[PDB]
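K.L.:
So here's structure_20.csv (CSV, N, CA, C and O atoms).
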```
chain,number,residue,atom,x,y,z
A,1,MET,N,0.8,-1.2,0.0
A,1,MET,CA,0.0,0.0,0.0
A,1,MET,C,0.9,1.2,0.0
A,1,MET,O,1.5,1.5,1.0
A,2,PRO,N,0.8,2.0,-1.1
A,2,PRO,CA,1.7,3.2,-1.2
A,2,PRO,C,1.3,4.2,-0.1
A,2,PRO,O,2.2,5.0,0.3
A,3,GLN,N,0.0,4.3,0.3
A,3,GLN,CA,-0.3,5.3,1.3
A,3,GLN,C,0.5,5.2,2.5
A,3,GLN,O,0.6,6.2,3.3
A,4,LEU,N,0.9,4.0,2.8
A,4,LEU,CA,1.7,3.8,4.1
A,4,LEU,C,3.2,4.1,3.9
A,4,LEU,O,3.9,4.0,4.9
A,5,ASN,N,3.6,4.6,2.8
A,5,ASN,CA,5.0,4.9,2.6
A,5,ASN,C,5.3,6.2,3.3
A,5,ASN,O,5.2,7.3,2.7
A,6,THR,N,5.8,6.1,4.5
A,6,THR,CA,6.0,7.3,5.4
A,6,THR,C,7.2,8.1,4.9
A,6,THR,O,7.6,9.1,5.5
A,7,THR,N,7.9,7.7,3.8
A,7,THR,CA,9.0,8.4,3.3
A,7,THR,C,8.6,9.7,2.7
A,7,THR,O,9.2,10.8,2.8
A,8,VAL,N,7.5,9.6,1.9
A,8,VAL,CA,7.0,10.7,1.1
A,8,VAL,C,5.8,11.5,1.7
A,8,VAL,O,5.0,12.0,1.0
A,9,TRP,N,5.7,11.5,3.0
A,9,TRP,CA,4.6,12.2,3.6
A,9,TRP,C,4.8,13.7,3.6
A,9,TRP,O,3.8,14.4,3.1
A,10,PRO,N,5.9,14.3,3.9
A,10,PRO,CA,6.0,15.8,3.9
A,10,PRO,C,5.8,16.4,2.6
A,10,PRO,O,5.2,17.5,2.5
A,11,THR,N,6.2,15.7,1.5
A,11,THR,CA,5.9,16.3,0.2
A,11,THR,C,4.4,16.3,-0.2
A,11,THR,O,4.1,16.8,-1.2
A,12,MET,N,3.6,15.6,0.6
A,12,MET,CA,2.2,15.8,0.5
A,12,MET,C,1.6,16.8,1.5
A,12,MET,O,0.7,17.6,1.1
A,13,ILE,N,2.2,16.8,2.7
A,13,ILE,CA,1.6,17.7,3.7
A,13,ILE,C,1.9,19.2,3.3
A,13,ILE,O,1.0,20.0,3.3
A,14,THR,N,3.1,19.5,3.0
A,14,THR,CA,3.5,20.9,2.8
A,14,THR,C,2.7,21.6,1.7
A,14,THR,O,2.0,22.6,2.1
A,15,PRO,N,2.7,21.2,0.5
A,15,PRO,CA,1.9,22.0,-0.5
A,15,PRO,C,0.4,22.0,-0.2
A,15,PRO,O,-0.2,23.0,-0.6
A,16,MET,N,-0.1,21.0,0.5
A,16,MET,CA,-1.5,21.2,0.9
A,16,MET,C,-1.6,22.3,1.9
A,16,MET,O,-2.5,23.1,1.8
A,17,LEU,N,-0.7,22.3,2.9
A,17,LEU,CA,-0.8,23.4,3.9
A,17,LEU,C,-0.7,24.7,3.2
A,17,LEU,O,-1.2,25.7,3.7
A,18,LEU,N,0.1,24.8,2.1
A,18,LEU,CA,0.2,26.1,1.5
A,18,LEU,C,-1.0,26.5,0.7
A,18,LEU,O,-1.5,27.6,0.8
A,19,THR,N,-1.6,25.5,0.0
A,19,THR,CA,-2.7,25.9,-0.9
A,19,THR,C,-4.0,25.9,-0.2
A,19,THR,O,-5.0,26.6,-0.7
A,20,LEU,N,-4.2,25.3,0.9
A,20,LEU,CA,-5.5,25.3,1.6
A,20,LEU,C,-5.6,26.5,2.5
A,20,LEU,O,-6.7,27.0,2.7
A,21,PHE,N,-4.4,26.9,3.1
A,21,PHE,CA,-4.5,28.0,4.1
A,21,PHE,C,-4.1,29.3,3.6
A,21,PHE,O,-4.4,30.3,4.2
A,22,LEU,N,-3.3,29.4,2.5
A,22,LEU,CA,-2.8,30.7,2.0
A,22,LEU,C,-3.4,31.0,0.6
A,22,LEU,O,-4.0,32.1,0.5
A,23,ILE,N,-3.2,30.2,-0.4
A,23,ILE,CA,-3.7,30.6,-1.7
A,23,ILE,C,-5.2,30.6,-1.8
A,23,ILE,O,-5.8,31.6,-2.1
A,24,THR,N,-5.8,29.5,-1.4
A,24,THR,CA,-7.3,29.4,-1.6
A,24,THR,C,-8.0,30.5,-0.7
A,24,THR,O,-8.9,31.1,-1.1
A,25,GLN,N,-7.5,30.6,0.5
A,25,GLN,CA,-8.1,31.6,1.4
A,25,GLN,C,-8.0,33.0,0.8
A,25,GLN,O,-8.9,33.8,0.9
A,26,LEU,N,-6.9,33.3,0.0
A,26,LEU,CA,-6.8,34.6,-0.6
A,26,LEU,C,-7.7,34.7,-1.8
A,26,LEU,O,-8.4,35.7,-1.9
A,27,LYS,N,-7.7,33.7,-2.7
A,27,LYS,CA,-8.6,33.7,-3.8
A,27,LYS,C,-10.1,33.9,-3.3
A,27,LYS,O,-10.9,34.4,-4.1
A,28,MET,N,-10.4,33.4,-2.1
A,28,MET,CA,-11.7,33.8,-1.6
A,28,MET,C,-11.8,35.2,-1.2
A,28,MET,O,-12.7,35.9,-1.6
A,29,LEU,N,-10.8,35.7,-0.3
A,29,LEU,CA,-10.8,37.0,0.2
A,29,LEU,C,-11.0,38.1,-1.0
A,29,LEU,O,-11.6,39.1,-0.7
A,30,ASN,N,-10.5,37.8,-2.1
A,30,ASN,CA,-10.8,38.7,-3.3
A,30,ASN,C,-12.2,38.7,-3.7
A,30,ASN,O,-12.7,39.6,-4.3
A,31,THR,N,-13.0,37.6,-3.4
A,31,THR,CA,-14.3,37.5,-3.9
A,31,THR,C,-15.2,38.2,-2.8
A,31,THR,O,-15.4,37.6,-1.7
A,32,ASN,N,-15.7,39.4,-3.1
A,32,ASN,CA,-16.5,40.2,-2.2
A,32,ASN,C,-17.9,40.3,-2.8
A,32,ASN,O,-18.1,40.4,-4.0
A,33,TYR,N,-18.9,40.4,-1.9
A,33,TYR,CA,-20.3,40.6,-2.3
A,33,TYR,C,-20.7,41.9,-1.7
A,33,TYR,O,-21.1,42.0,-0.6
A,34,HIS,N,-20.8,43.0,-2.6
A,34,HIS,CA,-21.2,44.3,-2.2
A,34,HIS,C,-22.7,44.2,-1.7
A,34,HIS,O,-23.5,43.4,-2.3
A,35,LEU,N,-23.0,45.1,-0.8
A,35,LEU,CA,-24.4,45.2,-0.4
A,35,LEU,C,-25.3,45.7,-1.6
A,35,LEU,O,-24.8,46.4,-2.4
A,36,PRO,N,-26.5,45.3,-1.6
A,36,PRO,CA,-27.3,45.7,-2.8
A,36,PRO,C,-27.6,47.2,-2.9
A,36,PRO,O,-27.6,47.9,-1.9
A,37,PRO,N,-27.7,47.7,-4.1
A,37,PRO,CA,-28.0,49.2,-4.3
A,37,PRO,C,-29.3,49.5,-3.7
A,37,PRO,O,-30.3,48.8,-4.1
A,38,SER,N,-29.4,50.4,-2.7
A,38,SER,CA,-30.7,50.8,-2.1
A,38,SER,C,-30.9,52.3,-2.2
A,38,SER,O,-30.9,53.0,-1.2
A,39,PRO,N,-31.2,52.8,-3.4
A,39,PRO,CA,-31.6,54.2,-3.6
A,39,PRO,C,-32.7,54.6,-2.6
A,39,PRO,O,-33.8,54.1,-2.8
A,40,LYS,N,-32.4,55.4,-1.6
A,40,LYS,CA,-33.3,55.8,-0.6
A,40,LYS,C,-34.2,57.0,-1.1
A,40,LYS,O,-33.8,58.1,-1.1
A,41,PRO,N,-35.4,56.7,-1.6
A,41,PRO,CA,-36.3,57.8,-1.9
A,41,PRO,C,-37.1,58.3,-0.7
A,41,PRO,O,-38.3,58.6,-0.8
A,42,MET,N,-36.4,58.4,0.5
A,42,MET,CA,-36.9,59.1,1.6
A,42,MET,C,-35.7,59.5,2.5
A,42,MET,O,-35.3,58.7,3.4
A,43,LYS,N,-35.2,60.7,2.3
A,43,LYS,CA,-34.1,61.2,3.1
A,43,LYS,C,-34.1,62.7,2.9
A,43,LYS,O,-33.5,63.2,1.9
A,44,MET,N,-34.7,63.5,3.8
A,44,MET,CA,-34.7,64.9,3.6
A,44,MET,C,-34.8,65.6,5.0
A,44,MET,O,-35.9,65.6,5.6
A,45,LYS,N,-33.6,66.1,5.4
A,45,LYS,CA,-33.6,66.9,6.6
A,45,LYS,C,-34.0,68.3,6.2
A,45,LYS,O,-33.1,69.1,5.8
A,46,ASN,N,-35.3,68.6,6.2
A,46,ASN,CA,-35.8,69.9,6.1
A,46,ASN,C,-36.2,70.4,7.4
A,46,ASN,O,-37.2,69.8,8.0
A,47,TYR,N,-35.5,71.4,8.0
A,47,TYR,CA,-35.9,72.0,9.2
A,47,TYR,C,-37.4,72.4,9.1
A,47,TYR,O,-38.0,72.4,8.0
A,48,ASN,N,-38.0,72.6,10.3
A,48,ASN,CA,-39.4,73.1,10.4
A,48,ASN,C,-39.5,74.4,9.5
A,48,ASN,O,-38.5,75.1,9.4
A,49,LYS,N,-40.6,74.6,8.9
A,49,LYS,CA,-40.7,75.8,8.1
A,49,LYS,C,-40.5,77.0,9.0
A,49,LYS,O,-40.9,77.1,10.2
A,50,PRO,N,-39.7,77.9,8.6
A,50,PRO,CA,-38.9,78.8,9.4
A,50,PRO,C,-39.7,79.4,10.6
A,50,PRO,O,-39.3,79.2,11.7
A,51,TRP,N,-40.7,80.2,10.3
A,51,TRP,CA,-41.7,80.6,11.2
A,51,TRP,C,-41.3,80.7,12.7
A,51,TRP,O,-41.3,79.7,13.4
B,108,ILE,N,-35.3,68.9,-4.2
B,108,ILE,CA,-35.1,70.2,-4.8
B,108,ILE,C,-36.3,71.0,-4.8
B,108,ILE,O,-36.4,72.1,-4.2
B,109,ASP,N,-37.4,70.5,-5.4
B,109,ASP,CA,-38.6,71.3,-5.6
B,109,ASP,C,-39.3,71.6,-4.3
B,109,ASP,O,-39.8,72.6,-4.1
B,110,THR,N,-39.2,70.6,-3.3
B,110,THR,CA,-39.7,70.9,-2.0
B,110,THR,C,-39.1,72.1,-1.4
B,110,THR,O,-39.8,73.0,-0.8
B,111,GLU,N,-37.8,72.2,-1.5
B,111,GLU,CA,-37.1,73.5,-1.0
B,111,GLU,C,-37.6,74.6,-1.9
B,111,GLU,O,-37.9,75.7,-1.3
B,112,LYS,N,-37.7,74.4,-3.2
B,112,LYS,CA,-38.3,75.5,-4.0
B,112,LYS,C,-39.7,75.9,-3.6
B,112,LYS,O,-40.0,77.1,-3.6
B,113,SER,N,-40.5,74.9,-3.2
B,113,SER,CA,-41.8,75.2,-2.7
B,113,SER,C,-41.7,76.0,-1.4
B,113,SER,O,-42.3,77.1,-1.4
B,114,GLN,N,-40.8,75.6,-0.5
B,114,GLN,CA,-40.6,76.3,0.7
B,114,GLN,C,-40.2,77.8,0.4
B,114,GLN,O,-40.4,78.7,1.2
B,115,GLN,N,-39.5,78.0,-0.7
B,115,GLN,CA,-39.1,79.3,-1.1
B,115,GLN,C,-40.2,80.2,-1.3
B,115,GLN,O,-40.4,81.3,-0.7
B,116,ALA,N,-41.1,79.8,-2.2
B,116,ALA,CA,-42.3,80.7,-2.5
B,116,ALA,C,-43.2,80.9,-1.3
B,116,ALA,O,-43.7,82.0,-1.1
B,117,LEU,N,-43.3,79.9,-0.5
B,117,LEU,CA,-44.2,79.9,0.7
B,117,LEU,C,-43.7,81.1,1.6
B,117,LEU,O,-44.5,82.0,1.9
B,118,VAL,N,-42.5,81.0,2.1
B,118,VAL,CA,-41.9,82.1,3.0
B,118,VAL,C,-42.0,83.4,2.2
B,118,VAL,O,-42.3,84.4,2.9
B,119,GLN,N,-41.8,83.3,0.9
B,119,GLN,CA,-41.9,84.6,0.1
B,119,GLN,C,-43.3,85.2,0.3
B,119,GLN,O,-43.4,86.4,0.2
B,120,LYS,N,-44.3,84.4,0.5
B,120,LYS,CA,-45.7,84.9,0.7
B,120,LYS,C,-45.9,85.4,2.1
B,120,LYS,O,-47.0,86.0,2.3
B,121,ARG,N,-45.0,85.2,3.0
B,121,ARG,CA,-45.3,85.5,4.4
B,121,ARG,C,-45.7,86.9,4.7
B,121,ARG,O,-46.4,87.1,5.7
B,122,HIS,N,-45.4,87.8,3.8
B,122,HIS,CA,-45.7,89.2,4.0
B,122,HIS,C,-47.2,89.5,4.1
B,122,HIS,O,-47.6,90.6,4.5
B,123,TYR,N,-48.1,88.6,3.8
B,123,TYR,CA,-49.5,88.8,3.9
B,123,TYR,C,-49.9,89.1,5.3
B,123,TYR,O,-50.8,89.9,5.6
B,124,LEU,N,-49.3,88.3,6.3
B,124,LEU,CA,-49.7,88.4,7.7
B,124,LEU,C,-49.7,89.9,8.1
B,124,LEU,O,-50.6,90.3,8.8
B,125,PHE,N,-48.6,90.6,7.8
B,125,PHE,CA,-48.5,91.9,8.3
B,125,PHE,C,-49.5,92.9,7.8
B,125,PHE,O,-50.1,93.7,8.5
B,126,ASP,N,-49.7,92.9,6.5
B,126,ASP,CA,-50.6,93.9,5.9
B,126,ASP,C,-52.0,93.7,6.3
B,126,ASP,O,-52.8,94.7,6.4
B,127,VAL,N,-52.4,92.4,6.6
B,127,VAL,CA,-53.8,92.2,7.1
B,127,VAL,C,-53.9,92.9,8.4
B,127,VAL,O,-54.9,93.5,8.7
B,128,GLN,N,-52.9,92.7,9.3
B,128,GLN,CA,-52.9,93.5,10.6
B,128,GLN,C,-53.1,94.9,10.3
B,128,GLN,O,-53.9,95.6,10.9
B,129,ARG,N,-52.3,95.5,9.4
B,129,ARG,CA,-52.4,96.9,9.0
B,129,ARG,C,-53.8,97.2,8.5
B,129,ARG,O,-54.4,98.2,8.9
B,130,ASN,N,-54.4,96.3,7.7
B,130,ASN,CA,-55.7,96.5,7.2
B,130,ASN,C,-56.7,96.7,8.4
B,130,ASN,O,-57.5,97.7,8.4
B,131,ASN,N,-56.7,95.8,9.4
B,131,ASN,CA,-57.5,96.0,10.5
B,131,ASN,C,-57.3,97.3,11.3
B,131,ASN,O,-58.2,97.9,11.9
B,132,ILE,N,-56.0,97.7,11.3
B,132,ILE,CA,-55.7,98.9,12.0
B,132,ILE,C,-56.4,100.1,11.4
B,132,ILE,O,-57.2,100.8,12.1
B,133,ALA,N,-56.1,100.4,10.2
B,133,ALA,CA,-56.7,101.5,9.5
B,133,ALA,C,-58.2,101.4,9.5
B,133,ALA,O,-58.9,102.4,9.6
B,134,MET,N,-58.7,100.2,9.4
B,134,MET,CA,-60.2,100.0,9.4
B,134,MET,C,-60.7,100.4,10.7
B,134,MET,O,-61.6,101.4,10.8
B,135,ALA,N,-60.3,99.8,11.8
B,135,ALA,CA,-60.9,100.1,13.1
B,135,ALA,C,-60.7,101.5,13.5
B,135,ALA,O,-61.5,102.1,14.2
B,136,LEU,N,-59.6,102.2,13.0
B,136,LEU,CA,-59.4,103.6,13.3
B,136,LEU,C,-60.6,104.4,12.7
B,136,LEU,O,-61.2,105.1,13.4
B,137,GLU,N,-60.8,104.3,11.4
B,137,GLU,CA,-61.8,105.1,10.7
B,137,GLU,C,-63.2,104.7,11.3
B,137,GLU,O,-64.1,105.6,11.4
B,138,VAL,N,-63.4,103.5,11.8
B,138,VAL,CA,-64.6,103.0,12.4
B,138,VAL,C,-64.9,103.9,13.6
B,138,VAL,O,-65.9,104.6,13.7
B,139,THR,N,-64.0,103.8,14.6
B,139,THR,CA,-64.2,104.6,15.8
B,139,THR,C,-64.3,106.1,15.5
B,139,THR,O,-65.1,106.8,16.1
B,140,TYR,N,-63.5,106.6,14.5
B,140,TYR,CA,-63.6,108.0,14.1
B,140,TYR,C,-65.0,108.3,13.6
B,140,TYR,O,-65.6,109.2,14.1
B,141,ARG,N,-65.4,107.6,12.6
B,141,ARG,CA,-66.7,107.8,12.0
B,141,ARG,C,-67.8,107.6,13.0
B,141,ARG,O,-68.8,108.3,13.1
B,142,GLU,N,-67.7,106.5,13.8
B,142,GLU,CA,-68.6,106.3,14.9
B,142,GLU,C,-68.7,107.6,15.8
B,142,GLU,O,-69.8,108.0,16.2
B,143,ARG,N,-67.6,108.2,16.1
B,143,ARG,CA,-67.6,109.4,16.9
B,143,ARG,C,-68.4,110.5,16.1
B,143,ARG,O,-69.1,111.3,16.7
B,144,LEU,N,-68.1,110.6,14.8
B,144,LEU,CA,-68.8,111.6,14.0
B,144,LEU,C,-70.3,111.4,14.0
B,144,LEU,O,-71.1,112.4,14.0
B,145,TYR,N,-70.8,110.2,14.1
B,145,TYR,CA,-72.2,110.0,14.1
B,145,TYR,C,-72.8,110.1,15.5
B,145,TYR,O,-74.0,110.4,15.7
B,146,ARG,N,-72.0,109.8,16.5
B,146,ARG,CA,-72.4,110.0,17.9
B,146,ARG,C,-72.6,111.5,18.1
B,146,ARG,O,-73.7,111.9,18.6
B,147,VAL,N,-71.7,112.3,17.7
B,147,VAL,CA,-71.9,113.8,17.9
B,147,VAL,C,-73.0,114.3,17.0
B,147,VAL,O,-73.8,115.2,17.4
B,148,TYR,N,-73.2,113.7,15.8
B,148,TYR,CA,-74.3,114.2,14.9
B,148,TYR,C,-75.6,113.7,15.5
B,148,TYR,O,-76.6,114.5,15.4
B,149,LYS,N,-75.7,112.5,16.0
B,149,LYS,CA,-77.0,112.1,16.6
B,149,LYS,C,-77.3,112.9,17.8
B,149,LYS,O,-78.5,113.3,18.0
B,150,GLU,N,-76.4,113.1,18.7
B,150,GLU,CA,-76.7,113.7,20.0
B,150,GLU,C,-77.2,115.1,19.8
B,150,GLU,O,-78.1,115.6,20.5
B,151,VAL,N,-76.6,115.9,18.9
B,151,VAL,CA,-77.0,117.3,18.7
B,151,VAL,C,-78.4,117.2,18.0
B,151,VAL,O,-79.2,118.1,18.2
B,152,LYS,N,-78.6,116.3,17.1
B,152,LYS,CA,-79.9,116.2,16.4
B,152,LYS,C,-81.0,115.9,17.5
B,152,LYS,O,-82.1,116.4,17.4
B,153,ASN,N,-80.6,115.1,18.5
B,153,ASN,CA,-81.6,114.7,19.5
B,153,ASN,C,-82.1,115.9,20.3
B,153,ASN,O,-83.3,116.2,20.4
B,154,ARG,N,-81.2,116.7,20.8
B,154,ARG,CA,-81.6,118.0,21.5
B,154,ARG,C,-82.3,118.9,20.6
B,154,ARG,O,-83.3,119.5,21.0
B,155,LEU,N,-81.9,119.0,19.3
B,155,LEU,CA,-82.6,119.9,18.4
B,155,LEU,C,-84.0,119.5,18.2
B,155,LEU,O,-84.9,120.3,18.2
B,156,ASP,N,-84.2,118.2,17.9
B,156,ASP,CA,-85.6,117.7,17.7
B,156,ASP,C,-86.4,117.8,19.0
B,156,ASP,O,-87.6,118.1,19.0
B,157,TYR,N,-85.7,117.5,20.1
B,157,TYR,CA,-86.4,117.6,21.4
B,157,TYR,C,-87.1,118.9,21.6
B,157,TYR,O,-88.3,119.0,21.9
B,158,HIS,N,-86.4,120.0,21.4
B,158,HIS,CA,-86.9,121.3,21.7
B,158,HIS,C,-88.0,121.7,20.6
B,158,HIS,O,-89.1,122.2,21.0
B,159,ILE,N,-87.7,121.4,19.4
B,159,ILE,CA,-88.8,121.6,18.3
B,159,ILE,C,-90.0,120.8,18.5
B,159,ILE,O,-91.1,121.1,18.1
B,160,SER,N,-89.8,119.6,19.2
B,160,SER,CA,-91.0,118.8,19.4
B,160,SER,C,-91.8,119.3,20.6
B,160,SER,O,-93.0,119.5,20.4
B,161,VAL,N,-91.2,119.5,21.7
B,161,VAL,CA,-92.0,120.0,22.9
B,161,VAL,C,-92.5,121.4,22.6
B,161,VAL,O,-93.6,121.8,23.1
```
Rewrite the structure of this file - the entire thing - as structure tokens.
P.N.:
Amino acid sequence: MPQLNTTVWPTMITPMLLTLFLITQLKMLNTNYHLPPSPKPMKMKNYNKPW
Amino acid sequence: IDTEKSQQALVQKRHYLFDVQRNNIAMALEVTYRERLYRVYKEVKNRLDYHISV
């Protein structure tokens, strides 16, 4: 069983630790979801009529 | 924008308040004045008719 060959373990561990925790996490961080456009048709600070 | 534009014309109209007050002033003045004129006219007419009546 090749899986049991403990000679070549680090050459599997290292690049996985690199691509799962650094590269892929970054390629995610670049993917952002902006909040939806919410044109507010009610916003008017008009003081009381002067009076 | 237009709501502020509306508020512009409205305050622009504010001057009505004062002249109406003015209107009542000049009115009530002539009233009391003319009332006085007819008070004096009536009272002298009363004595005049009283004597010519008796």
K.L.:
Can I get the residues of chain A within 10 Å of chain B, each with the closest pair of atoms and their distance in Å to one decimal, using only C-alpha atoms, sorted chain first then ascending number, as a Markdown table?
P.N.:
```
| residue | atom | partner | partner_atom | distance |
| --- | --- | --- | --- | --- |
| A:44 | CA | B:110 | CA | 9.6 |
| A:46 | CA | B:111 | CA | 8.1 |
| A:49 | CA | B:114 | CA | 7.4 |
| A:50 | CA | B:118 | CA | 7.8 |
| A:51 | CA | B:118 | CA | 8.3 |
```
K.L.:
With N, CA, C and O atoms retained, write the just-selected residues as an mmCIF file, in the coordinates of the input.
P.N.:
```cif
data_model
loop_
_atom_site.group_PDB
_atom_site.id
_atom_site.type_symbol
_atom_site.label_atom_id
_atom_site.label_comp_id
_atom_site.auth_asym_id
_atom_site.auth_seq_id
_atom_site.Cartn_x
_atom_site.Cartn_y
_atom_site.Cartn_z
ATOM 1 N N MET A 44 -34.700 63.500 3.800
ATOM 2 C CA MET A 44 -34.700 64.900 3.600
ATOM 3 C C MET A 44 -34.800 65.600 5.000
ATOM 4 O O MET A 44 -35.900 65.600 5.600
ATOM 5 N N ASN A 46 -35.300 68.600 6.200
ATOM 6 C CA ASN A 46 -35.800 69.900 6.100
ATOM 7 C C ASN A 46 -36.200 70.400 7.400
ATOM 8 O O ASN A 46 -37.200 69.800 8.000
ATOM 9 N N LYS A 49 -40.600 74.600 8.900
ATOM 10 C CA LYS A 49 -40.700 75.800 8.100
ATOM 11 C C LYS A 49 -40.500 77.000 9.000
ATOM 12 O O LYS A 49 -40.900 77.100 10.200
ATOM 13 N N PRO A 50 -39.700 77.900 8.600
ATOM 14 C CA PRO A 50 -38.900 78.800 9.400
ATOM 15 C C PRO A 50 -39.700 79.400 10.600
ATOM 16 O O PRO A 50 -39.300 79.200 11.700
ATOM 17 N N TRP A 51 -40.700 80.200 10.300
ATOM 18 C CA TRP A 51 -41.700 80.600 11.200
ATOM 19 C C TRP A 51 -41.300 80.700 12.700
ATOM 20 O O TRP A 51 -41.300 79.700 13.400
#
```
K.L.:
Report the distance between atom N of residue B:142 and atom C of residue B:156 in Å, rounded to one decimal place.
P.N.:
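These atoms are spaced 22.5 Å apart.
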K.L.:
Report as an MDAnalysis selection string: the residues of chain A with a DSSP assignment of alpha helix (DSSP H), based on the backbone of this structure.
P.N.:
chainID A and resid 10:18 24:29
K.L.:
What's the separation between atom CA of residue A:4 and atom CA of residue A:16, in Å to one decimal place?
P.N.:
18.0 Å
K.L.:
Between atom CA of residue A:1 and atom N of residue A:13, what is the distance in Å, rounded to a tenth?
P.N.:
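The value is 17.2 Å.
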K.L.:
For stretch 5-18 of chain A, write N, CA and C atoms out as a PDB file, in the first residue's frame.
P.N.:
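Dumped everything to part24.pdb:
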```pdb
ATOM      1  N   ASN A   5       3.603   4.565   2.769  1.00  0.00           N
ATOM      2  CA  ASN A   5       5.006   4.902   2.586  1.00  0.00           C
ATOM      3  C   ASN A   5       5.333   6.213   3.284  1.00  0.00           C
ATOM      4  N   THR A   6       5.778   6.127   4.521  1.00  0.00           N
ATOM      5  CA  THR A   6       6.035   7.279   5.369  1.00  0.00           C
ATOM      6  C   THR A   6       7.245   8.081   4.915  1.00  0.00           C
ATOM      7  N   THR A   7       7.912   7.651   3.849  1.00  0.00           N
ATOM      8  CA  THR A   7       9.030   8.430   3.335  1.00  0.00           C
ATOM      9  C   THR A   7       8.553   9.706   2.655  1.00  0.00           C
ATOM     10  N   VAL A   8       7.455   9.634   1.912  1.00  0.00           N
ATOM     11  CA  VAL A   8       7.016  10.741   1.082  1.00  0.00           C
ATOM     12  C   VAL A   8       5.827  11.476   1.699  1.00  0.00           C
ATOM     13  N   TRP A   9       5.725  11.500   3.024  1.00  0.00           N
ATOM     14  CA  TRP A   9       4.614  12.226   3.637  1.00  0.00           C
ATOM     15  C   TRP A   9       4.785  13.736   3.564  1.00  0.00           C
ATOM     16  N   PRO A  10       5.919  14.322   3.946  1.00  0.00           N
ATOM     17  CA  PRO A  10       6.000  15.785   3.925  1.00  0.00           C
ATOM     18  C   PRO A  10       5.765  16.384   2.558  1.00  0.00           C
ATOM     19  N   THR A  11       6.162  15.703   1.485  1.00  0.00           N
ATOM     20  CA  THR A  11       5.908  16.255   0.162  1.00  0.00           C
ATOM     21  C   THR A  11       4.432  16.258  -0.186  1.00  0.00           C
ATOM     22  N   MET A  12       3.596  15.589   0.603  1.00  0.00           N
ATOM     23  CA  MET A  12       2.156  15.758   0.475  1.00  0.00           C
ATOM     24  C   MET A  12       1.622  16.777   1.462  1.00  0.00           C
ATOM     25  N   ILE A  13       2.153  16.798   2.680  1.00  0.00           N
ATOM     26  CA  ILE A  13       1.621  17.710   3.683  1.00  0.00           C
ATOM     27  C   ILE A  13       1.889  19.156   3.295  1.00  0.00           C
ATOM     28  N   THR A  14       3.139  19.478   2.966  1.00  0.00           N
ATOM     29  CA  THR A  14       3.520  20.880   2.797  1.00  0.00           C
ATOM     30  C   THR A  14       2.693  21.603   1.742  1.00  0.00           C
ATOM     31  N   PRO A  15       2.662  21.170   0.478  1.00  0.00           N
ATOM     32  CA  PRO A  15       1.920  21.951  -0.514  1.00  0.00           C
ATOM     33  C   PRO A  15       0.445  22.036  -0.209  1.00  0.00           C
ATOM     34  N   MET A  16      -0.127  21.039   0.463  1.00  0.00           N
ATOM     35  CA  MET A  16      -1.506  21.191   0.896  1.00  0.00           C
ATOM     36  C   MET A  16      -1.630  22.294   1.925  1.00  0.00           C
ATOM     37  N   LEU A  17      -0.744  22.312   2.914  1.00  0.00           N
ATOM     38  CA  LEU A  17      -0.812  23.376   3.901  1.00  0.00           C
ATOM     39  C   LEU A  17      -0.651  24.732   3.249  1.00  0.00           C
ATOM     40  N   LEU A  18       0.075  24.792   2.140  1.00  0.00           N
ATOM     41  CA  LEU A  18       0.238  26.066   1.458  1.00  0.00           C
ATOM     42  C   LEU A  18      -1.018  26.451   0.692  1.00  0.00           C
TER      43      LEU A  18
END
```
